[PDB]
file model.txt (compact mmCIF, C-alpha atoms and all ligand atoms)
# COMPACT_ATOMS: atom_id res chain seq x y z
CA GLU A 2 29.18 -4.58 25.76
CA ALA A 3 26.35 -3.52 28.03
CA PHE A 4 22.85 -4.92 27.85
CA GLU A 5 20.68 -1.95 26.92
CA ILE A 6 16.89 -1.68 27.08
CA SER A 7 15.28 0.45 24.37
CA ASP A 8 11.88 2.07 24.04
CA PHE A 9 9.77 1.92 20.87
CA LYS A 10 10.67 5.40 19.67
CA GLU A 11 14.40 5.00 19.92
CA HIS A 12 14.26 1.47 18.51
CA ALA A 13 12.25 2.57 15.46
CA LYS A 14 14.75 5.31 14.66
CA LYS A 15 17.58 2.74 14.56
CA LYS A 16 16.25 -0.63 13.39
CA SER A 17 15.30 -1.71 9.87
CA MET A 18 12.77 -4.32 11.06
CA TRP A 19 9.92 -1.79 11.33
CA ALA A 20 9.84 -0.15 7.91
CA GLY A 21 12.95 -1.33 6.08
CA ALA A 22 16.34 0.31 5.74
CA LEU A 23 16.75 3.77 7.25
CA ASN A 24 19.23 4.92 4.56
CA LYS A 25 19.27 4.83 0.76
CA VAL A 26 19.64 1.32 -0.70
CA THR A 27 18.95 -0.30 -4.05
CA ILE A 28 15.26 -1.18 -4.20
CA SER A 29 14.48 -3.98 -6.64
CA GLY A 30 11.67 -3.07 -9.04
CA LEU A 31 11.34 0.53 -7.85
CA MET A 32 8.92 2.34 -10.19
CA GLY A 33 7.24 5.71 -10.59
CA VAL A 34 4.65 7.36 -12.81
CA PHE A 35 5.79 9.96 -15.33
CA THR A 36 3.50 11.86 -17.68
CA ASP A 40 -0.33 9.47 -21.19
CA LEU A 41 0.62 7.90 -17.85
CA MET A 42 3.70 5.70 -18.07
CA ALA A 43 5.25 3.68 -15.24
CA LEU A 44 9.04 3.69 -15.51
CA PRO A 45 11.88 2.28 -13.40
CA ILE A 46 13.65 4.57 -10.95
CA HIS A 47 17.32 3.51 -11.22
CA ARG A 48 18.52 5.40 -8.18
CA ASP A 49 18.83 4.29 -4.57
CA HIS A 50 16.08 5.37 -2.17
CA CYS A 51 15.19 4.91 1.49
CA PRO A 52 12.64 2.10 1.99
CA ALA A 53 11.51 3.43 5.39
CA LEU A 54 10.69 6.81 3.83
CA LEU A 55 8.55 5.22 1.11
CA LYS A 56 6.97 3.03 3.79
CA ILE A 57 5.71 5.93 5.86
CA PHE A 58 3.92 7.29 2.78
CA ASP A 59 2.53 3.78 2.26
CA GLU A 60 1.35 3.47 5.87
CA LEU A 61 -0.81 6.57 5.53
CA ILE A 62 -2.16 5.51 2.14
CA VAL A 63 -3.08 2.01 3.37
CA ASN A 64 -4.75 3.48 6.46
CA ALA A 65 -6.98 5.54 4.17
CA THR A 66 -7.67 2.54 1.92
CA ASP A 67 -8.55 0.50 5.05
CA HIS A 68 -11.05 3.12 6.11
CA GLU A 69 -12.52 3.01 2.59
CA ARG A 70 -13.08 -0.75 2.87
CA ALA A 71 -14.45 -0.41 6.40
CA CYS A 72 -17.04 2.16 5.32
CA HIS A 73 -18.04 0.89 1.88
CA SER A 74 -21.31 -0.55 3.27
CA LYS A 75 -22.20 2.05 5.93
CA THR A 76 -24.32 5.20 5.70
CA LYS A 77 -21.34 7.58 5.52
CA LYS A 78 -18.79 6.07 3.12
CA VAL A 79 -15.33 7.29 2.17
CA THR A 80 -15.74 9.20 -1.06
CA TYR A 81 -12.22 10.54 -1.55
CA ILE A 82 -8.60 9.98 -0.62
CA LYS A 83 -6.50 13.10 -1.29
CA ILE A 84 -2.72 12.65 -1.31
CA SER A 85 -0.44 15.71 -1.49
CA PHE A 86 3.33 16.14 -1.84
CA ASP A 87 4.88 19.63 -2.11
CA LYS A 88 7.93 21.34 -0.58
CA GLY A 89 8.65 18.02 1.11
CA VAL A 90 5.35 18.05 2.99
CA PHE A 91 3.28 14.89 2.58
CA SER A 92 -0.39 14.70 3.44
CA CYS A 93 -3.22 12.21 3.21
CA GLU A 94 -6.86 13.12 3.80
CA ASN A 95 -10.02 11.02 3.60
CA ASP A 96 -13.61 11.67 4.46
CA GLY A 97 -15.95 9.21 6.13
CA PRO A 98 -16.34 9.01 9.91
CA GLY A 99 -13.50 10.63 11.80
CA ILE A 100 -11.43 9.03 14.50
CA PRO A 101 -13.66 9.32 17.60
CA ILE A 102 -13.06 12.50 19.59
CA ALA A 103 -13.29 11.04 23.09
CA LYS A 104 -11.18 10.30 26.13
CA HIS A 105 -9.49 6.91 26.08
CA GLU A 106 -9.71 5.65 29.67
CA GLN A 107 -6.94 3.03 29.43
CA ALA A 108 -4.46 5.34 27.68
CA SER A 109 -5.18 8.19 30.12
CA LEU A 110 -4.30 5.97 33.07
CA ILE A 111 -1.11 4.76 31.37
CA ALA A 112 0.01 8.31 30.56
CA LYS A 113 -1.27 9.84 33.84
CA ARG A 114 -3.05 12.61 31.89
CA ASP A 115 -5.99 13.12 29.53
CA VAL A 116 -5.43 11.18 26.30
CA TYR A 117 -8.05 11.23 23.56
CA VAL A 118 -8.53 8.40 21.06
CA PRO A 119 -6.74 10.16 18.14
CA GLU A 120 -3.63 10.49 20.29
CA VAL A 121 -3.76 6.72 20.95
CA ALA A 122 -4.07 6.16 17.19
CA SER A 123 -1.03 8.30 16.39
CA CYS A 124 1.27 8.12 19.44
CA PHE A 125 0.80 4.75 21.22
CA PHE A 126 2.70 1.83 19.70
CA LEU A 127 0.84 -1.49 19.28
CA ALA A 128 -2.50 0.34 19.32
CA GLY A 129 -5.42 0.56 16.93
CA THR A 130 -8.71 -1.01 15.89
CA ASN A 131 -7.05 -4.06 14.27
CA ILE A 132 -5.15 -5.44 17.29
CA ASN A 133 -7.95 -7.96 17.56
CA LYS A 134 -8.51 -8.66 13.88
CA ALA A 135 -11.18 -10.97 12.51
CA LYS A 136 -10.05 -14.05 10.60
CA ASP A 137 -11.80 -12.75 7.45
CA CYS A 138 -10.75 -9.11 7.69
CA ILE A 139 -9.29 -7.73 4.46
CA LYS A 140 -7.95 -4.45 5.80
CA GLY A 141 -4.20 -4.17 5.40
CA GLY A 142 -3.75 -2.72 8.88
CA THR A 143 -2.97 -5.16 11.64
CA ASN A 144 -0.02 -4.18 13.80
CA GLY A 145 -1.09 -0.88 15.34
CA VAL A 146 2.27 0.69 14.50
CA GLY A 147 2.02 2.18 11.00
CA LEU A 148 0.86 5.67 11.94
CA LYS A 149 3.35 5.78 14.83
CA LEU A 150 6.19 4.98 12.44
CA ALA A 151 5.09 7.90 10.26
CA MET A 152 5.26 10.18 13.33
CA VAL A 153 8.61 8.83 14.48
CA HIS A 154 10.10 9.66 11.05
CA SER A 155 8.61 13.19 10.97
CA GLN A 156 10.19 16.46 12.02
CA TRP A 157 6.65 17.71 12.53
CA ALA A 158 3.22 16.28 11.95
CA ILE A 159 -0.36 17.45 12.35
CA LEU A 160 -3.27 15.11 12.93
CA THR A 161 -6.69 16.64 12.16
CA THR A 162 -9.95 14.77 12.50
CA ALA A 163 -13.57 15.85 12.63
CA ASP A 164 -16.60 13.75 13.53
CA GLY A 165 -19.48 16.00 12.40
CA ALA A 166 -19.79 17.72 15.80
CA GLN A 167 -16.19 18.55 16.74
CA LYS A 168 -12.77 19.05 15.15
CA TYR A 169 -9.57 17.79 16.78
CA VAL A 170 -6.13 19.17 15.87
CA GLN A 171 -2.91 17.85 17.40
CA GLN A 172 0.75 18.58 16.68
CA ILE A 173 3.19 15.68 17.08
CA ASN A 174 6.73 16.96 16.66
CA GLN A 175 10.42 15.99 16.71
CA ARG A 176 10.08 12.28 15.89
CA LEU A 177 7.31 11.73 18.49
CA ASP A 178 9.34 13.38 21.26
CA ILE A 179 6.83 16.24 21.65
CA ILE A 180 3.11 15.57 21.81
CA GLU A 181 1.31 18.91 22.07
CA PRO A 182 -2.12 19.01 23.76
CA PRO A 183 -4.90 18.92 21.17
CA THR A 184 -7.18 21.77 20.18
CA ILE A 185 -10.87 20.81 20.12
CA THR A 186 -13.54 23.06 18.59
CA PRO A 187 -17.10 22.68 17.28
CA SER A 188 -17.30 21.68 13.61
CA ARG A 189 -19.70 20.22 11.07
CA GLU A 190 -16.96 18.64 8.91
CA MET A 191 -16.12 14.93 8.90
CA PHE A 192 -12.69 13.73 7.77
CA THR A 193 -9.25 12.55 8.86
CA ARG A 194 -6.06 14.27 7.69
CA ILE A 195 -2.40 13.52 8.45
CA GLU A 196 0.18 16.10 7.33
CA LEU A 197 3.89 15.67 7.96
CA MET A 198 7.45 16.61 7.05
CA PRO A 199 9.76 13.55 7.00
CA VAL A 200 13.26 13.65 8.45
CA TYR A 201 14.72 13.53 4.95
CA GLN A 202 18.28 14.40 5.91
CA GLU A 203 18.45 11.66 8.56
CA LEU A 204 17.20 9.16 5.94
CA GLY A 205 19.91 10.06 3.42
CA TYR A 206 18.32 12.88 1.34
CA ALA A 207 19.26 16.48 0.82
CA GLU A 208 17.78 19.35 2.85
CA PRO A 209 15.70 20.38 0.99
CA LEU A 210 15.10 17.58 -1.53
CA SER A 211 17.26 17.82 -4.64
CA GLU A 212 15.53 18.22 -8.01
CA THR A 213 16.06 14.53 -8.79
CA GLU A 214 15.04 13.32 -5.33
CA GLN A 215 11.86 15.42 -5.51
CA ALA A 216 10.98 14.11 -8.99
CA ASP A 217 11.64 10.48 -8.01
CA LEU A 218 9.58 10.65 -4.81
CA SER A 219 6.69 12.45 -6.52
CA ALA A 220 6.71 9.83 -9.30
CA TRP A 221 6.69 6.99 -6.76
CA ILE A 222 3.82 8.53 -4.77
CA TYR A 223 1.83 9.14 -7.96
CA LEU A 224 2.18 5.47 -8.94
CA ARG A 225 1.22 4.36 -5.41
CA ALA A 226 -1.92 6.52 -5.62
CA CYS A 227 -2.72 4.98 -9.02
CA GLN A 228 -2.41 1.51 -7.49
CA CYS A 229 -4.78 2.66 -4.74
CA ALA A 230 -7.26 3.80 -7.39
CA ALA A 231 -7.44 0.35 -8.94
CA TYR A 232 -8.09 -1.25 -5.52
CA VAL A 233 -10.71 1.03 -3.89
CA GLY A 234 -14.44 0.63 -4.38
CA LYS A 235 -16.63 2.22 -7.01
CA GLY A 236 -17.65 5.30 -5.01
CA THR A 237 -14.16 6.55 -4.11
CA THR A 238 -11.90 8.94 -6.05
CA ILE A 239 -8.14 9.13 -5.37
CA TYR A 240 -6.37 12.47 -5.88
CA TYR A 241 -2.65 13.23 -6.09
CA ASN A 242 -1.84 16.95 -5.78
CA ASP A 243 -5.53 17.62 -6.52
CA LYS A 244 -5.59 15.71 -9.79
CA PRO A 245 -7.78 12.60 -9.89
CA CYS A 246 -5.97 9.31 -10.43
CA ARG A 247 -8.07 7.82 -13.24
CA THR A 248 -6.61 4.30 -13.24
CA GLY A 249 -9.62 2.55 -11.78
CA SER A 250 -9.10 -0.84 -13.47
CA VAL A 251 -6.44 -3.52 -13.64
CA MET A 252 -6.53 -2.90 -17.41
CA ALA A 253 -5.50 0.73 -16.94
CA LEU A 254 -2.70 -0.32 -14.59
CA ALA A 255 -1.49 -2.94 -17.08
CA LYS A 256 -1.47 -0.34 -19.86
CA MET A 257 0.53 2.11 -17.71
CA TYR A 258 3.23 -0.47 -16.97
CA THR A 259 3.57 -1.67 -20.58
CA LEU A 260 3.15 1.60 -22.53
CA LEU A 261 6.86 2.10 -23.15
CA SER A 262 7.87 -1.52 -23.75
CA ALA A 263 4.80 -2.98 -25.53
CA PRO A 264 2.52 -0.24 -26.81
CA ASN A 265 -0.76 -1.30 -28.42
CA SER A 266 -0.69 -4.58 -26.57
CA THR A 267 -3.46 -7.09 -26.16
CA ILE A 268 -4.66 -7.26 -22.55
CA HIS A 269 -5.94 -10.64 -21.36
CA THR A 270 -8.45 -10.18 -18.54
CA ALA A 271 -10.00 -12.44 -15.93
CA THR A 272 -11.98 -12.27 -12.73
CA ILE A 273 -10.76 -15.08 -10.46
CA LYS A 274 -13.72 -16.15 -8.33
CA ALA A 275 -14.41 -18.48 -5.43
CA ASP A 276 -17.64 -20.31 -4.58
CA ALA A 277 -17.53 -20.29 -0.73
CA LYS A 278 -17.52 -17.38 1.70
CA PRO A 279 -15.46 -15.52 2.71
CA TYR A 280 -13.50 -15.96 -0.53
CA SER A 281 -16.59 -15.54 -2.69
CA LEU A 282 -17.02 -11.99 -1.35
CA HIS A 283 -13.69 -11.01 -2.88
CA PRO A 284 -13.15 -11.47 -6.62
CA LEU A 285 -9.55 -11.05 -7.82
CA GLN A 286 -9.15 -8.90 -10.95
CA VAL A 287 -6.37 -9.86 -13.38
CA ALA A 288 -4.96 -8.17 -16.48
CA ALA A 289 -1.99 -9.70 -18.32
CA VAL A 290 0.14 -8.79 -21.34
CA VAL A 291 2.29 -11.29 -23.27
CA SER A 292 5.22 -9.90 -25.26
CA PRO A 293 8.46 -11.32 -26.68
CA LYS A 294 10.00 -8.01 -25.56
CA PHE A 295 9.62 -8.93 -21.88
CA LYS A 296 12.78 -10.52 -20.48
CA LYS A 297 11.39 -12.17 -17.32
CA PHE A 298 8.09 -12.78 -15.58
CA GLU A 299 6.87 -9.72 -13.70
CA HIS A 300 3.76 -8.98 -11.65
CA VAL A 301 2.20 -6.04 -9.82
CA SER A 302 -0.05 -7.25 -6.99
CA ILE A 303 -2.24 -4.95 -4.88
CA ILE A 304 -3.70 -7.26 -2.22
CA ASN A 305 -5.76 -5.85 0.66
CA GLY A 306 -4.58 -2.36 -0.41
CA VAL A 307 -0.89 -3.32 -0.05
CA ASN A 308 1.71 -3.55 -2.80
CA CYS A 309 2.73 -7.22 -2.42
CA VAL A 310 5.90 -8.26 -4.22
CA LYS A 311 5.70 -12.02 -3.49
CA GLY A 312 2.96 -14.52 -2.75
CA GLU A 313 1.39 -17.84 -3.55
CA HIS A 314 -1.40 -16.10 -5.45
CA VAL A 315 1.18 -15.41 -8.17
CA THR A 316 2.45 -18.98 -8.11
CA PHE A 317 -1.13 -20.26 -8.49
CA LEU A 318 -1.55 -18.30 -11.71
CA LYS A 319 1.88 -19.26 -13.08
CA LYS A 320 1.48 -22.96 -12.34
CA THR A 321 -1.97 -23.01 -13.94
CA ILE A 322 -0.78 -21.28 -17.14
CA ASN A 323 2.32 -23.49 -17.29
CA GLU A 324 0.18 -26.63 -17.20
CA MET A 325 -1.80 -25.42 -20.23
CA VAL A 326 1.30 -24.18 -22.08
CA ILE A 327 3.10 -27.53 -21.75
CA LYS A 328 0.09 -29.44 -23.10
CA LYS A 329 -0.48 -27.08 -26.05
CA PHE A 330 3.24 -26.78 -26.80
CA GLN A 331 3.60 -30.58 -26.86
CA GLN A 332 0.64 -31.01 -29.22
CA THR A 333 2.19 -28.44 -31.57
CA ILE A 334 5.81 -29.64 -31.59
CA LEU A 343 7.77 -22.86 -15.67
CA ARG A 344 10.38 -20.22 -16.46
CA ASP A 345 10.02 -20.84 -20.20
CA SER A 346 6.21 -20.70 -20.05
CA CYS A 347 5.94 -17.49 -18.00
CA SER A 348 8.99 -15.45 -18.91
CA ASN A 349 7.09 -13.33 -21.48
CA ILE A 350 4.20 -12.48 -19.09
CA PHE A 351 3.50 -9.23 -17.29
CA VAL A 352 0.47 -9.51 -15.01
CA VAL A 353 -1.49 -7.18 -12.70
CA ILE A 354 -3.56 -8.74 -9.86
CA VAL A 355 -5.75 -6.55 -7.65
CA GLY A 356 -8.18 -7.61 -4.96
CA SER A 357 -8.80 -8.67 -1.38
CA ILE A 358 -7.84 -12.06 0.08
CA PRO A 359 -9.26 -12.98 3.51
CA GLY A 360 -7.11 -14.59 6.17
CA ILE A 361 -3.63 -13.80 4.88
CA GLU A 362 -0.56 -13.28 7.04
CA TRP A 363 2.72 -11.56 6.18
CA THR A 364 6.44 -12.12 6.57
CA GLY A 365 7.11 -8.76 8.24
CA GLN A 366 5.86 -5.30 9.14
CA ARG A 367 6.47 -4.00 5.60
CA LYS A 368 4.00 -6.56 4.16
CA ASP A 369 6.22 -7.32 1.16
CA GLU A 370 5.36 -11.04 1.04
CA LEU A 371 1.99 -12.50 1.89
CA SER A 372 1.86 -15.86 3.65
CA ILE A 373 -0.80 -18.47 2.90
CA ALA A 374 -1.34 -22.14 2.21
CA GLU A 375 -1.18 -22.78 -1.54
CA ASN A 376 -4.20 -25.05 -1.08
CA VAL A 377 -6.38 -21.98 -0.48
CA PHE A 378 -6.27 -21.35 -4.22
CA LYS A 379 -6.47 -25.04 -5.20
CA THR A 380 -9.54 -25.56 -3.00
CA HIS A 381 -11.40 -22.30 -3.40
CA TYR A 382 -10.54 -20.32 -6.54
CA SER A 383 -11.06 -20.95 -10.25
CA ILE A 384 -9.22 -19.24 -13.12
CA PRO A 385 -11.54 -18.75 -16.14
CA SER A 386 -10.79 -21.05 -19.05
CA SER A 387 -11.17 -18.29 -21.67
CA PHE A 388 -8.29 -16.37 -20.05
CA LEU A 389 -6.08 -19.46 -19.82
CA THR A 390 -6.77 -20.43 -23.45
CA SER A 391 -6.07 -16.96 -24.79
CA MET A 392 -2.88 -16.61 -22.70
CA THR A 393 -1.68 -20.05 -23.79
CA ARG A 394 -2.19 -19.25 -27.49
CA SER A 395 -0.07 -16.09 -27.17
CA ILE A 396 2.68 -17.78 -25.16
CA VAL A 397 2.97 -20.80 -27.46
CA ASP A 398 3.27 -18.55 -30.52
CA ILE A 399 6.29 -16.81 -28.98
CA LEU A 400 7.76 -20.21 -28.12
CA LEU A 401 7.21 -21.56 -31.64
CA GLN A 402 9.03 -18.52 -33.05
CA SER A 403 12.22 -19.13 -31.03
CA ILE A 404 12.17 -22.73 -32.27
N1 LIG B 1 -6.94 7.78 7.60
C1 LIG B 1 -7.58 7.21 8.66
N2 LIG B 1 -8.91 7.25 8.80
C2 LIG B 1 -9.56 6.69 9.84
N3 LIG B 1 -8.95 6.04 10.85
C3 LIG B 1 -7.60 5.92 10.81
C4 LIG B 1 -6.83 6.52 9.71
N4 LIG B 1 -5.53 6.27 9.92
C5 LIG B 1 -5.46 5.57 11.09
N5 LIG B 1 -6.69 5.34 11.60
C6 LIG B 1 -7.01 4.65 12.87
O1 LIG B 1 -5.83 4.70 13.67
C7 LIG B 1 -5.42 3.38 14.02
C8 LIG B 1 -3.91 3.26 14.04
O2 LIG B 1 -3.36 3.23 12.70
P1 LIG B 1 -2.08 2.30 12.52
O3 LIG B 1 -1.07 2.67 13.57
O4 LIG B 1 -1.68 2.32 11.07
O5 LIG B 1 -2.64 0.84 12.91
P2 LIG B 1 -3.35 -0.30 12.02
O6 LIG B 1 -2.43 -1.46 12.15
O7 LIG B 1 -4.64 -0.58 12.71
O8 LIG B 1 -3.48 0.22 10.62
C9 LIG B 1 -6.08 2.47 12.99
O9 LIG B 1 -6.32 1.18 13.56
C10 LIG B 1 -7.37 3.19 12.64
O10 LIG B 1 -8.37 2.86 13.60
MG MG B 2 -2.07 1.08 9.43
call {"tool": "encode", "arguments": {"input": "model.txt", "output": "structure tokens"}}
result
Amino acid sequence: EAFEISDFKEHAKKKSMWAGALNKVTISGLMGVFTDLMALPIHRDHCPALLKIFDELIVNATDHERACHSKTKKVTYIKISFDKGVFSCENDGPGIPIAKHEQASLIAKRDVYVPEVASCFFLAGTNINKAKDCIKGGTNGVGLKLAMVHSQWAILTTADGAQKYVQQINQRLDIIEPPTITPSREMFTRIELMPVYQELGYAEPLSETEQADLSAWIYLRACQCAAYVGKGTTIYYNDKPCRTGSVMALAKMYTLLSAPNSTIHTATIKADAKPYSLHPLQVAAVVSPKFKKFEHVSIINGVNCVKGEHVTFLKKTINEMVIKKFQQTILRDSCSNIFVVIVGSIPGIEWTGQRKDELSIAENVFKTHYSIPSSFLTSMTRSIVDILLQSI
């Protein structure tokens, strides 16, 4: 028919490329935390874009944590809330600067302050020009805008130690209210919003099962955050601390139902050269005959990554050992009883899309730079070969 020209807002309300499907679909490997913390599958369809806007706020807070972990004022908390359908994320550390943005003001022909650029201008942020070694997850300058475009109402609040800035952003970014600016001694950034649940396939208000599923998924996402952030940061979900600060605790949570009292093989995968040497990768793995296929949970640069060559590196290395030790005794066969958690930062990665589901890298990065400790390989191989010798 006709050739139409869209704007960002209308395009994002219609197109799955930005955040995933805009209706409920079957999400492979969808999990949530249920309370002992136990991660369990959610066998109901859910809207990927809805889960992504929660993710975009959580990764923004994790990014600020990494950015500040060496400065005077660090991020000491990330507080995530979900109640009556309202989602919020708050972190301390330096606020978004409360200042006029000259370029944005000229574009919009009115006064625009920096926090309005951060929340309302597509393709805008502090990572548009991104260093080659940056390990923040943010890159595109769209994540916070997508959260606004999928919100019936939203409130951005930020304080910089001298002033507080409050701005309402309503009706899927159609209405940007002028901000309120007052003196303040607080220092934080808070986003609070109500998603357009009904447009994304949910009930108005959330049904009992929808509410329980979403709360479980957010709780697990906060727990994944807690394993990734630095030592001086606490993550809260509905004011309870998420006490899963290690890959070991995450591995336990995922295997508590299926392999209780399991042995957890641990490793720190290290590199000798900067920038890789700044960024150890923490690994915890469980080997059980009860597991039916290889599975991993990877939190890389604060993002839940479902595919990447970092996984392949580990699998290929274990497989090599398993084949040798199996042959002396007598890839799918060698790894199908493994569950592994990998958490850490990797400099210089790219992605396959806005959702950051798959990281993109040369496999030689791991061959050249990283080393998997022999004690971990030996102990994993012993456990895997025993399972294999049973079947025989
Ligand atoms: N919780 C937060 N704390 C501090 N700054 C934030 C926060 N969330 C967003 N920002 C700022 O707003 C900008 C826009 O966020 P976003 O649209 O997600 O882009 P990015 O791709 O940079 O993450 C970010 O680059 C960052 O500078
Ligand atoms: Mg972002």
call {"tool": "closest_residue", "arguments": {"input": "model.txt", "among": "A:118, A:149, A:192, A:6", "to": "residue 97 in chain A", "atoms": "all atoms listed in the file"}}
result
A:192
call {"tool": "atom_distance", "arguments": {"input": "model.txt", "atom1": "CA of residue 275 in chain A", "atom2": "CA of residue 252 in chain A"}}
result
21.2 Å
call {"tool": "closest_atom_pairs", "arguments": {"input": "model.txt", "of": "chain A", "to": "ligand LIG 1 (chain B)", "cutoff": "7 Å", "atoms": "all atoms listed in the file", "output": "tab-separated table"}}
result
residue	atom	partner	partner_atom	distance
A:60	CA	B:LIG1	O4	6.1
A:61	CA	B:LIG1	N4	6.5
A:64	CA	B:LIG1	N4	4.5
A:65	CA	B:LIG1	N1	4.1
A:68	CA	B:LIG1	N2	5.4
A:94	CA	B:LIG1	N1	6.6
A:95	CA	B:LIG1	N1	6.0
A:99	CA	B:LIG1	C2	5.9
A:100	CA	B:LIG1	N3	5.3
A:122	CA	B:LIG1	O1	4.2
A:123	CA	B:LIG1	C8	6.3
A:128	CA	B:LIG1	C8	6.2
A:129	CA	B:LIG1	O9	3.5
A:130	CA	B:LIG1	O9	4.0
A:131	CA	B:LIG1	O7	4.5
A:132	CA	B:LIG1	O7	6.7
A:141	CA	B:LIG1	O8	6.9
A:142	CA	B:LIG1	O8	3.4
A:143	CA	B:LIG1	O6	3.8
A:144	CA	B:LIG1	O6	4.0
A:145	CA	B:LIG1	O5	3.4
A:146	CA	B:LIG1	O3	4.0
A:147	CA	B:LIG1	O4	3.7
A:148	CA	B:LIG1	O3	3.9
A:149	CA	B:LIG1	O3	5.5
A:193	CA	B:LIG1	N2	5.3
A:194	CA	B:LIG1	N1	6.6
call {"tool": "atom_distance", "arguments": {"input": "model.txt", "atom1": "CA of residue 346 in chain A", "atom2": "CA of residue 318 in chain A"}}
result
11.6 Å
call {"tool": "atom_distance", "arguments": {"input": "model.txt", "atom1": "CA of residue 156 in chain A", "atom2": "CA of residue 91 in chain A"}}
result
11.8 Å
call {"tool": "residues_around", "arguments": {"input": "model.txt", "residues": "residue 326 in chain A", "least_positions_apart": "4", "cutoff": "12 Å", "atoms": "only C-alpha atoms", "output": "PyMOL selection string"}}
result
chain A and resi 319-322+330-334+343-347+389-401
call {"tool": "build_atoms", "arguments": {"input": "model.txt", "residues": "range 251-262 of chain A", "atoms": "N, CA, C and O atoms", "output": "short mmCIF file (atom, residue, chain, number, x, y, z; two decimals), keeping the file's coordinate frame"}}
result
data_model
loop_
_atom_site.label_atom_id
_atom_site.label_comp_id
_atom_site.auth_asym_id
_atom_site.auth_seq_id
_atom_site.Cartn_x
_atom_site.Cartn_y
_atom_site.Cartn_z
N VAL A 251 -7.68 -2.80 -13.38
CA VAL A 251 -6.44 -3.52 -13.64
C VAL A 251 -6.00 -3.31 -15.08
O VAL A 251 -4.79 -3.34 -15.36
N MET A 252 -6.93 -3.13 -16.01
CA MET A 252 -6.53 -2.90 -17.41
C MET A 252 -5.74 -1.61 -17.54
O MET A 252 -4.72 -1.55 -18.24
N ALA A 253 -6.21 -0.54 -16.89
CA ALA A 253 -5.50 0.73 -16.94
C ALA A 253 -4.12 0.64 -16.29
O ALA A 253 -3.15 1.25 -16.77
N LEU A 254 -4.02 -0.12 -15.19
CA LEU A 254 -2.70 -0.32 -14.59
C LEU A 254 -1.79 -1.10 -15.52
O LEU A 254 -0.63 -0.74 -15.70
N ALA A 255 -2.31 -2.17 -16.14
CA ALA A 255 -1.49 -2.94 -17.08
C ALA A 255 -1.01 -2.09 -18.24
O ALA A 255 0.17 -2.19 -18.65
N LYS A 256 -1.88 -1.23 -18.78
CA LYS A 256 -1.47 -0.34 -19.86
C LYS A 256 -0.33 0.58 -19.41
O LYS A 256 0.66 0.74 -20.12
N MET A 257 -0.46 1.17 -18.22
CA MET A 257 0.53 2.11 -17.71
C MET A 257 1.91 1.46 -17.58
O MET A 257 2.93 2.08 -17.89
N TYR A 258 1.95 0.21 -17.15
CA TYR A 258 3.23 -0.47 -16.97
C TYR A 258 3.84 -0.95 -18.28
O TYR A 258 5.04 -1.22 -18.33
N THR A 259 3.04 -1.10 -19.34
CA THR A 259 3.57 -1.67 -20.58
C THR A 259 3.59 -0.66 -21.73
O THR A 259 3.93 -1.03 -22.85
N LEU A 260 3.27 0.61 -21.46
CA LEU A 260 3.15 1.60 -22.53
C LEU A 260 4.48 1.83 -23.24
O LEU A 260 4.52 2.01 -24.46
N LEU A 261 5.58 1.85 -22.49
CA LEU A 261 6.86 2.10 -23.15
C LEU A 261 7.35 0.85 -23.87
O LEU A 261 7.81 0.93 -25.02
N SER A 262 7.22 -0.32 -23.24
CA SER A 262 7.87 -1.52 -23.75
C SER A 262 7.02 -2.29 -24.75
O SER A 262 7.58 -2.95 -25.64
#
